[PDB]
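Comments concern the structure below.
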Amino acid sequence: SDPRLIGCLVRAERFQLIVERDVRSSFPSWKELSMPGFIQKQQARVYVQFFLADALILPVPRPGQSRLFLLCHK
Amino acid sequence: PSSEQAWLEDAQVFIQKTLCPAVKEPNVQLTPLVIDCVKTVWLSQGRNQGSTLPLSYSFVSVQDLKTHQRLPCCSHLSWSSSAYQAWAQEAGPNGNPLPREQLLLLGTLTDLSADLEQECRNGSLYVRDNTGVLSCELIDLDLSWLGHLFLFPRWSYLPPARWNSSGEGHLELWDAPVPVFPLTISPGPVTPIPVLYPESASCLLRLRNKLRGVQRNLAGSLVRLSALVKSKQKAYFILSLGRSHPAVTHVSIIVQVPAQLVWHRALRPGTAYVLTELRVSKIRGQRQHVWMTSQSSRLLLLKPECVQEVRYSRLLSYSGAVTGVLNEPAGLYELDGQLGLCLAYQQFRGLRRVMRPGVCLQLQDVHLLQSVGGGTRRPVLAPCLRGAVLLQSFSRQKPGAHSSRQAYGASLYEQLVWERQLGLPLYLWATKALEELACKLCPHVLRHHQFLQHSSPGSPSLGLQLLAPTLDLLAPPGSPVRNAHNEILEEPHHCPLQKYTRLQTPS
């Protein structure tokens, strides 16, 4: 929730890595699972997940009207 | 030609300006003496091209060189094009000799720093004249040259590269300085004086209660030399004298007064010397007693004409040459292309400026480590504080350019080695992490100089606190404080390099 962490430094030690595979194939039957000539389209997608508490926040040491409202739905 | 007489007149004017002392009455005969000396030196070699004077070389003052010269340059008396080419060939087929200069210098051999004589006397050799003072380094120091003006036949000046280096620079000389005029050497002790051999000194030390206010002279052969220990206002080094072959027995002698610290560059291994009027006072932390030099203590050579009666490291003495520099601030250098040099664990503040690839070195009482792991596998040689580095000559290679861009961050290294006391494999891994992080983040994220800033209170470095989750886990605080006295004296010497353990890569 905190927007203070914008433009800062983060260090983590236990973060999971996830890669998503998308394949568009035209395999005729089960027997042809051996030969590799039946693949047409390929793709990839990578992102990183980790709990913030286990990580460490480190600020970057680079050398008036307001109102209160409560969010209900986005 | 008339140009020669004009040059002589200009040199006379220069002598009148800066080479005429204001202490005594300035009398003109010094200029013909200098002219005769330079003529004799110029004609001694026999390489002259028919010229009785070095018209190519031009006199210059220390202040003039400081104000004008901005790049490293080498100038040596009686040097020709063939001499420079032979010098370049000696520098190596791929070597880059420093540019040749045609100059001449005259100065005073002294260690006095400035108006505050005893508040800045670090013992470094200096060359001083009426225009300024500038340091120097000599291969073999001689006490007969201090305080007297000597003509320098060979010299080289190295200006600072990076503006972070506020130091003025230094001079490096190859040949012995030429005396301008004969000097009246004070005669030594004509009457023969008995000395005490190191075995006799050890026997007297065994007589603990028989050393009450007794002062005598000790003589022996120097075998082991300690480094230059520095502190808040007291600088000292310890010399050991023992009857060589076998030098099993050695004695303790402390040189603490800064006045005679200049002799630290004069002691030589193997050579025997005479030390006179040594006193004994109790030293904390050691039950034994030590013989230390008095105020009026004279150091001479030993000539019988006037003398009467988990793993562990390996220690060895070896001599090699440096090939290339891998990290100036980290103190990691290549030994003959095969081994690694680690000068981090010693105070080398004035050593990094003069050292450069292309110098042969001699090492005594150093620790050899193998199977370090954690990134590198080449064996490393590390000198403990008991031993010291030995200098023999200089190099001829041109300095690099990256040293003035991303090199001056040594304050963090000093804090790590001293204020944090890291082990050698951990130190190397931490260094490598620093270069990797600097490559990954700097300079767009932050400037290199600010990233590697010392960790003063209220402003710590990002890298050290980033590594803290690993450093604290690997090396929790609680290690005993390293003391120079114990490692130098107590037997066996307790140093972090005495015992080592191979470490795996943490992250």
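The chains in the structure tokens are called A, B, ... from first to last as shown; in each chain the residues are counted from 1, and the ligands are counted from 1 in the order shown.
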
Task: Spatial neighbours of residue 46 (chain A), max dist 7 Å, only C-alpha atoms, sep filter under 4 positions, as a list in words - done: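 My reading of the contact set: residues 18, 19 and 20 of chain A.
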
Restricting the output to N, CA, C and O atoms, write the selected residues as a PDB file, in the first residue's frame.
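selection-v3.pdb, written as the output of this step:
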ATOM      1  N   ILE A  18       9.412 -17.269 -11.664  1.00  0.00           N
ATOM      2  CA  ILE A  18       8.340 -17.932 -12.394  1.00  0.00           C
ATOM      3  C   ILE A  18       8.499 -17.629 -13.875  1.00  0.00           C
ATOM      4  O   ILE A  18       8.650 -16.465 -14.261  1.00  0.00           O
ATOM      5  N   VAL A  19       8.466 -18.671 -14.701  1.00  0.00           N
ATOM      6  CA  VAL A  19       8.488 -18.536 -16.151  1.00  0.00           C
ATOM      7  C   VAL A  19       7.254 -19.225 -16.710  1.00  0.00           C
ATOM      8  O   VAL A  19       6.987 -20.388 -16.385  1.00  0.00           O
ATOM      9  N   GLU A  20       6.507 -18.512 -17.547  1.00  0.00           N
ATOM     10  CA  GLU A  20       5.282 -19.022 -18.145  1.00  0.00           C
ATOM     11  C   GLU A  20       5.541 -19.367 -19.604  1.00  0.00           C
ATOM     12  O   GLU A  20       6.090 -18.550 -20.351  1.00  0.00           O
TER      13      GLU A  20
END

What are the closest atom pairs, with distances in Å to one decimal, for each residue of chain A lying within 12 Å of chain B, using only C-alpha atoms, rows by chain and rising residue number, as a Markdown table?
| residue | atom | partner | partner_atom | distance |
| --- | --- | --- | --- | --- |
| A:7 | CA | B:445 | CA | 10.8 |
| A:8 | CA | B:445 | CA | 10.7 |
| A:9 | CA | B:462 | CA | 10.2 |
| A:10 | CA | B:466 | CA | 10.0 |
| A:11 | CA | B:466 | CA | 7.9 |
| A:12 | CA | B:466 | CA | 10.6 |
| A:13 | CA | B:507 | CA | 9.9 |
| A:55 | CA | B:469 | CA | 11.1 |
| A:56 | CA | B:466 | CA | 9.4 |
| A:57 | CA | B:466 | CA | 10.4 |
| A:58 | CA | B:462 | CA | 8.6 |
| A:59 | CA | B:462 | CA | 9.6 |
| A:60 | CA | B:462 | CA | 9.0 |
| A:61 | CA | B:462 | CA | 8.8 |
| A:62 | CA | B:446 | CA | 7.8 |
| A:63 | CA | B:450 | CA | 9.5 |

Restricting the output to C-alpha atoms, write the selected residues as a CSV table (one decimal), in the first residue's frame.
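result12.csv, freshly written:
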chain,number,residue,atom,x,y,z
A,7,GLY,CA,12.3,5.1,-6.5
A,8,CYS,CA,14.2,3.2,-3.8
A,9,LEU,CA,16.4,0.1,-3.4
A,10,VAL,CA,15.4,-3.3,-2.3
A,11,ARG,CA,17.4,-6.4,-1.4
A,12,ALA,CA,15.9,-9.9,-1.1
A,13,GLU,CA,17.3,-13.3,-0.3
A,55,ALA,CA,13.4,-8.6,2.1
A,56,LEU,CA,15.2,-5.4,3.2
A,57,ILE,CA,14.4,-1.8,2.2
A,58,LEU,CA,17.2,0.6,1.6
A,59,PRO,CA,16.5,4.3,0.8
A,60,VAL,CA,18.4,6.0,-2.0
A,61,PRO,CA,20.7,8.7,-0.4
A,62,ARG,CA,20.7,11.1,-3.3
A,63,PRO,CA,22.5,14.4,-2.3

- [ ] Taking the DSSP assignment computed from this structure's backbone, write out as a PyMOL selection string all residues of region 6-226 of chain B that belong to alpha helix (DSSP H).
- [x] chain B and resi 6-18+30-44+62-68+81-90+198-206

TODO: DSSP on the backbone, then: every residue of region 363-489 of chain B marked strand (DSSP E), written as a PyMOL selection string.
DONE: chain B and resi 363-369+380-391

Kindly save the residues from that selection, with N, CA, C and O atoms included, as a PDB file, in the first residue's frame.
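Output contents, as saved in out-v3.pdb:
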ATOM      1  N   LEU B 363      60.698 -10.193  -0.418  1.00  0.00           N
ATOM      2  CA  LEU B 363      59.763 -10.380   0.680  1.00  0.00           C
ATOM      3  C   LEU B 363      60.401 -11.243   1.759  1.00  0.00           C
ATOM      4  O   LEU B 363      61.033 -12.261   1.460  1.00  0.00           O
ATOM      5  N   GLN B 364      60.232 -10.829   3.013  1.00  0.00           N
ATOM      6  CA  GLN B 364      60.772 -11.547   4.159  1.00  0.00           C
ATOM      7  C   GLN B 364      59.672 -11.740   5.191  1.00  0.00           C
ATOM      8  O   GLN B 364      58.929 -10.799   5.492  1.00  0.00           O
ATOM      9  N   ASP B 365      59.576 -12.958   5.728  1.00  0.00           N
ATOM     10  CA  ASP B 365      58.582 -13.315   6.740  1.00  0.00           C
ATOM     11  C   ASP B 365      57.163 -13.043   6.235  1.00  0.00           C
ATOM     12  O   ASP B 365      56.425 -12.215   6.773  1.00  0.00           O
ATOM     13  N   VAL B 366      56.797 -13.759   5.176  1.00  0.00           N
ATOM     14  CA  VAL B 366      55.483 -13.635   4.561  1.00  0.00           C
ATOM     15  C   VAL B 366      54.786 -14.986   4.621  1.00  0.00           C
ATOM     16  O   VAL B 366      55.430 -16.040   4.659  1.00  0.00           O
ATOM     17  N   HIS B 367      53.458 -14.949   4.633  1.00  0.00           N
ATOM     18  CA  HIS B 367      52.641 -16.151   4.727  1.00  0.00           C
ATOM     19  C   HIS B 367      52.152 -16.550   3.342  1.00  0.00           C
ATOM     20  O   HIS B 367      51.643 -15.712   2.591  1.00  0.00           O
ATOM     21  N   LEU B 368      52.308 -17.829   3.011  1.00  0.00           N
ATOM     22  CA  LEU B 368      51.826 -18.381   1.753  1.00  0.00           C
ATOM     23  C   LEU B 368      50.557 -19.181   2.015  1.00  0.00           C
ATOM     24  O   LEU B 368      50.523 -20.020   2.921  1.00  0.00           O
ATOM     25  N   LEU B 369      49.523 -18.920   1.223  1.00  0.00           N
ATOM     26  CA  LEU B 369      48.227 -19.561   1.389  1.00  0.00           C
ATOM     27  C   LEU B 369      47.836 -20.255   0.092  1.00  0.00           C
ATOM     28  O   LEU B 369      48.036 -19.710  -0.999  1.00  0.00           O
ATOM     29  N   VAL B 380      48.406 -17.310  -2.883  1.00  0.00           N
ATOM     30  CA  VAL B 380      48.622 -15.912  -2.529  1.00  0.00           C
ATOM     31  C   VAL B 380      49.698 -15.825  -1.455  1.00  0.00           C
ATOM     32  O   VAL B 380      49.781 -16.683  -0.569  1.00  0.00           O
ATOM     33  N   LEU B 381      50.541 -14.800  -1.557  1.00  0.00           N
ATOM     34  CA  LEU B 381      51.558 -14.501  -0.559  1.00  0.00           C
ATOM     35  C   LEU B 381      51.140 -13.258   0.213  1.00  0.00           C
ATOM     36  O   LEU B 381      50.820 -12.228  -0.391  1.00  0.00           O
ATOM     37  N   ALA B 382      51.143 -13.355   1.541  1.00  0.00           N
ATOM     38  CA  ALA B 382      50.710 -12.258   2.393  1.00  0.00           C
ATOM     39  C   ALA B 382      51.776 -11.974   3.445  1.00  0.00           C
ATOM     40  O   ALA B 382      52.173 -12.887   4.189  1.00  0.00           O
ATOM     41  N   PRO B 383      52.262 -10.735   3.541  1.00  0.00           N
ATOM     42  CA  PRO B 383      53.268 -10.412   4.558  1.00  0.00           C
ATOM     43  C   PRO B 383      52.661 -10.061   5.907  1.00  0.00           C
ATOM     44  O   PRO B 383      51.855  -9.131   6.010  1.00  0.00           O
ATOM     45  N   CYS B 384      53.035 -10.798   6.949  1.00  0.00           N
ATOM     46  CA  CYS B 384      52.600 -10.451   8.291  1.00  0.00           C
ATOM     47  C   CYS B 384      53.358  -9.221   8.787  1.00  0.00           C
ATOM     48  O   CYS B 384      54.378  -8.814   8.226  1.00  0.00           O
ATOM     49  N   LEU B 385      52.839  -8.621   9.860  1.00  0.00           N
ATOM     50  CA  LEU B 385      53.446  -7.409  10.402  1.00  0.00           C
ATOM     51  C   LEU B 385      54.838  -7.655  10.968  1.00  0.00           C
ATOM     52  O   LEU B 385      55.613  -6.702  11.103  1.00  0.00           O
ATOM     53  N   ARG B 386      55.172  -8.903  11.309  1.00  0.00           N
ATOM     54  CA  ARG B 386      56.522  -9.203  11.774  1.00  0.00           C
ATOM     55  C   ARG B 386      57.549  -8.936  10.681  1.00  0.00           C
ATOM     56  O   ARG B 386      58.624  -8.386  10.949  1.00  0.00           O
ATOM     57  N   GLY B 387      57.237  -9.318   9.445  1.00  0.00           N
ATOM     58  CA  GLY B 387      58.110  -9.074   8.317  1.00  0.00           C
ATOM     59  C   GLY B 387      57.869  -7.715   7.687  1.00  0.00           C
ATOM     60  O   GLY B 387      57.086  -6.896   8.170  1.00  0.00           O
ATOM     61  N   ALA B 388      58.570  -7.480   6.579  1.00  0.00           N
ATOM     62  CA  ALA B 388      58.456  -6.221   5.860  1.00  0.00           C
ATOM     63  C   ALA B 388      58.799  -6.445   4.395  1.00  0.00           C
ATOM     64  O   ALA B 388      59.432  -7.438   4.028  1.00  0.00           O
ATOM     65  N   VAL B 389      58.369  -5.505   3.562  1.00  0.00           N
ATOM     66  CA  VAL B 389      58.658  -5.529   2.134  1.00  0.00           C
ATOM     67  C   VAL B 389      60.013  -4.875   1.901  1.00  0.00           C
ATOM     68  O   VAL B 389      60.415  -3.952   2.617  1.00  0.00           O
ATOM     69  N   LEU B 390      60.737  -5.368   0.898  1.00  0.00           N
ATOM     70  CA  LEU B 390      62.066  -4.873   0.569  1.00  0.00           C
ATOM     71  C   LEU B 390      62.058  -4.309  -0.843  1.00  0.00           C
ATOM     72  O   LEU B 390      61.658  -4.995  -1.789  1.00  0.00           O
ATOM     73  N   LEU B 391      62.502  -3.063  -0.979  1.00  0.00           N
ATOM     74  CA  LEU B 391      62.534  -2.366  -2.256  1.00  0.00           C
ATOM     75  C   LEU B 391      63.953  -2.367  -2.811  1.00  0.00           C
ATOM     76  O   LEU B 391      64.919  -2.182  -2.065  1.00  0.00           O
TER      77      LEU B 391
END

Open item on the list: Using only C-alpha atoms for the distances, tell me which of B:107, B:373, B:143, B:313 is nearest to residue 298 (chain B).
Closed with: B:143
